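# Overview (structure and organization)
Here is how the chains run, residue by residue.
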Amino acid sequence: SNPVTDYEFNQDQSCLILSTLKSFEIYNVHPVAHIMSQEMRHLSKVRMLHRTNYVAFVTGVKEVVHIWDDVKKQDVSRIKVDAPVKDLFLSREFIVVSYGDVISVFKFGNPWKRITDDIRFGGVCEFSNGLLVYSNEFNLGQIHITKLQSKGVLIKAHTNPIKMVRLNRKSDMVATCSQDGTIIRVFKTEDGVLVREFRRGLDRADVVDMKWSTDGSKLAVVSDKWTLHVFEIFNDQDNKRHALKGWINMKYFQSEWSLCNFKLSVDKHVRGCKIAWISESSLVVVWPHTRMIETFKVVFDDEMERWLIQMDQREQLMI
């Protein structure tokens, strides 16, 4: 009866921070291990910075973001915005915060003030590896990519409102998808040109999460029908150059559809989930409602000439 009120992975997906009505916890994702507990109430949102002693959170007062010290159990800063905090990102340099239809970037360090003018967006925004991607305020199907040093690429990604956007590890590509959309798109963050397009076809369900494999080769998507799908941006393996006794020159082009579709096992109390690749072939799925973390492996079966997803582990995040 101590429900998770928020959970999120750290910038490199090696840790997961989570909050309850009574505290916030931090774990290592692989191998799964509880590395810290800290009492605190009213936790509404929680974030962590790499593997440092700093974390950020929102409590009762929705418009305040606390930068807190792990080892010193002390507030090292407070930052307030005009509306309840929506999105929240952290880097050794910046603190990205959105509320209402504004995105504010403060400095991560004294004097903890705006390093740049406030930006107006349409609800969607992601920040990773020094790159900021946000929904346009008037055209919800359009995104803007901007570098945060202290030009700007503009992409009309979809016709309908964007569901979510996702940057790959290096931030050189961004994946997008719209609301109840049959199409997922991948663009280069440098020039915004369309690099890949995938059709979801069969799976009609709303997308719950979308994450990139560590080398940027595969894209995993989980729908609310609770089906895991993997799309291929570029072939990852060291493949055979021939087939049919040397008669065929094997080519590996990217399919327009999912490589494999795995049906997840969940009880009727599912809220949602968040996924994260922990390698080029493995990823984890975290279920906030049962505080369980499952580790999956994506493998190619030559006998079948088909990719398969297998669940290697199911464990619970200890409180």
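The rules behind these values
- Residues numbered from 1 in each chain as written, not as in the entry; some residues may be left out.
- Heavy atoms only, no water.
- Residues with missing side-chain atoms left out of burial classes, pairs and counts.
- 1 Å grid on protein atoms, 1.4 Å probe; cavity = no way out; pocket = protein on both sides within 12 Å on 5 of 7 lines; lining within 4 Å.
- Points joined across faces, edges and corners; volume = space filled by probe spheres on them.
- Helix = DSSP H or I, 4+ residues; strand = E, 2+ residues; numbered from the N terminus.
- Nonpolar A, V, L, I, M, F, W, Y, C, P; charged D, E, K, R; others polar.
- Pairing = 2+ DSSP bridges.
- Salt bridge = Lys/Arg side-chain N within 4 Å of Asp/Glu carboxyl O.
- Buried < 20%, exposed > 50% of the residue type's maximum accessible area, 1.4 Å probe, protein only.
- Axes fitted to C-alpha atoms, helices over the stretch in contact; angles between N-to-C directions.

The name recorded for the chain in the PDB entry is KmHsv2, from Kluyveromyces marxianus. As deposited in the PDB, this entry carries the title "Crystal structure of Kluyvelomyces marxianus Hsv2".

With that settled, consider the layout of surface pockets. A water-sized probe, rolled over the atoms, reveals where empty space remains. If you add up the space inside the largest pocket, you get close to 1300 Å³. Every residue lining the largest pocket is counted, 49 residues in all, and those nearest its centre are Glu8, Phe89, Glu126, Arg166 and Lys211. Taken together, the elements giving at least two residues each to the lining of the largest pocket come down to β1 (6-9), β5 (45-48), β9 (85-90), β12 (119-128), β16 (162-167), β20 (207-212) and β26 (274-277). Per element, the largest residue contribution to the lining of the largest pocket is 6 residues, and it comes from β12. Here the residues of the lining of the largest pocket are counted per class, giving 21 nonpolar, 13 polar and 15 charged. Around the second largest pocket sit 18 residues that line it, and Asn235, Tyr252, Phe300, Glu305 and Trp307 are the ones nearest its centre. Here the residues of the lining of the second largest pocket are counted per class, giving 7 nonpolar, 5 polar and 6 charged.

Glancing now at the pairing of β9. Strand residues, when the strand is regular, have side chains that alternate between the two faces of the sheet. As paired elements, β9 and strand β10 (residues 94-99) share 4 bridges and run antiparallel to each other. When the bridges of β10 are listed, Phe89 appears paired with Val96. In this antiparallel pair of consecutive strands, β9 and β10, the connection spans 3 residues.

Further remarks concern the pattern of salt bridges. Enumeration according to the criterion identifies 13 salt bridges in this entry. A salt bridge links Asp6 to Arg47; its shortest N-O distance comes to 3.1 Å. Separated by 41 residues along the polypeptide, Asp6 in strand β1 and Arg47 in strand β5 bring together distant segments of the chain. Residues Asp6 and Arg47 agree in their burial class; the two are buried. Across the salt bridge formed by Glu137 and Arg120, the nearest N and O atoms sit 3.4 Å from each other. In this pair, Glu137 sits in the loop between β13 (131-136) and β14 (143-147) while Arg120 sits in strand β12, placing the two residues 17 residues apart along the sequence. The exposure class of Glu137 is partly exposed, given its relative accessible area of 26%.

This part takes up the sheet that holds β5. Pairing in this open sheet of 4 strands is antiparallel, and the strands run β5-β6-β7-β8 from one edge to the other. Looking along the sheet, the strands with just one partner apiece sit at the ends: β5 and β8 (74-80). Taken pair by pair, the neighbouring strands of this sheet meet at an average axis angle of 20 degrees, ignoring direction. Bridging between strand β6 (residues 54-58) and strand β7 (residues 64-69) involves 4 bridges; their strand directions are antiparallel. Residue pairing for β7: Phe57 is matched across the bridge by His66.

In this structure, the amide linkage connecting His30 to the following residue, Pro31, adopts the cis form with an omega of 0 degrees. Inspection of the secondary structure assignment puts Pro31 in the loop between β3 (23-29) and β4 (32-39). With omega at 0 degrees, the peptide bond leading from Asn110 into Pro111 counts as cis. Secondary-structure assignment places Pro111 in the loop between β11 (102-107) and β12. One non-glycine residue, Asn129, adopts positive backbone phi at about 50 degrees. Take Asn129: it is sitting in the loop between β12 and β13. Assessed through its relative accessible area of 55%, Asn129 is described here as exposed. Backbone geometry at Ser171 places phi at a positive 75 degrees, although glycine is not the residue there. Tracing the chain through its elements places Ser171 in the loop between β16 and β17 (173-178). On the accessibility criterion, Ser171 (5% relative accessible area) is buried.

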